[PDB]
Each structure stands twice: as C-alpha cells, then as structure tokens.
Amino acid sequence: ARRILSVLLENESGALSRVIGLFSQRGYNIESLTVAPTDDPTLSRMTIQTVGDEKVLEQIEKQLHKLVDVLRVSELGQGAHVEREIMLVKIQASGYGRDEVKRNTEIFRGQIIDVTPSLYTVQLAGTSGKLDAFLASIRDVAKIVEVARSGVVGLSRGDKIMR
C-alpha cells in the first residue's frame, strides 16, 4: 500500500503542476515529494512517496507516462534501492537534557549546526525510520521546538539506472 516513484522531468514551467494535478485528480495520495535539478540535461528528478490501494497506485505510473514533460518513471521498490531524508531539528535543553541531546546526536551520526546556551539545531540524514527513531529518543527528555524535514529521496542500487 506504499510505493516510491522516481520521475525524470523536463524543467519547463508547468511541468510540476501537471504531475501534481494528475494526483489531485484521483486523490492519488502524496505522502512526501522532493524535486530538484539534476546535473542538468535540463531535467529535474522527482521522488514521490504514495500510500493507498495497490490498484489505483498502479494506474499512476501509466498516466505519468502520458505527460509530455515526463521523460522516465521508475517504481523504486521493484528492485534494490536506497532512500534518504534530511531533517533539521531545533531542541531546547538544560543540564542532563543537553548531555542526552549531544550523546544521541553522536549515536545517530548527526551534527549540531547552531548552538546557543539553551538551544541546539541538529542536522540528521538517514532513512525515515532513522529520523523517526532520533525524535523518539529525545522527545521525552528535551523539548523539540521546530522540525524541518525533506521527505524521501531515492535511487536504485547498482547498475539499475534511470537515464
């Protein structure tokens, strides 16, 4: 009931609208989406995380191919793949809590990118589950003031290449 689609799309104004518009017209759900330029045959690459019925989630890919700005579409889960997200989290802590936040940041291989006497801003990259586990490890020991999270970026492993 969860699918991850990679899309290679021409950078033109309107292209992102047409893709999102296609989902808006079925209630194809968008759990997360990332899109940004590649090293640029003027193309961008999009990663879309969708959740719902396997039936409608399979109508998706055929319809994406109809869009003139869409160059390639690949369902990442049908082969070996990697998925990552980045998160920034501002955390207020004192005493033992500051200790725990620092320790957990080390454990999760994050880094602190801003520091005041009462606040840390932590940058963490990993799978969604890794980021969720970081939040869970500190939520009841320190105060989470704000979270900014990217949503999933994905690529196939090895010589499976969307070109």
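Residue numbers here begin at 1 and follow the sequence given.
Student: Quick one: say whether 53 to 61 or 110 to 118 has the higher mean Cα B-factor in the deposited entry.
Tutor: Comparing 53 to 61 with 110 to 118, the higher average CA B-factor belongs to 53 to 61.
Student: Compare the mean C-alpha B-factor of 64 to 72 with that of 97 to 105 as given in the PDB entry, and name the stretch with the higher value.
Tutor: The deposited B-factors put 64 to 72 ahead on the C-alpha mean.
Student: Please place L131 in the lowest, middle or highest third of its chain according to the CA B-factor in the PDB entry.
Tutor: Lowest third, going by the recorded CA B-factors of the chain.
Student: Going by the CA temperature factor in the PDB record, which third of the chain does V19 belong to: lowest, middle or highest?
Tutor: Middle third by C-alpha B-factor.
Student: Could you tell me which third, lowest, middle or highest, the C-alpha B-factor of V141 occupies within its chain?
Tutor: CA B-factor rank for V141: highest third.
Student: Please place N29 in the lowest, middle or highest third of its chain according to the CA B-factor in the PDB entry.
Tutor: Ranked within chain, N29 CA B lands in the highest tercile.
Student: By its CA B factor, does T38 count among the lowest, middle or highest third of the modelled residues in the chain?
Tutor: Within its chain, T38 is a middle-third residue by C-alpha B-factor, going by the deposited values.
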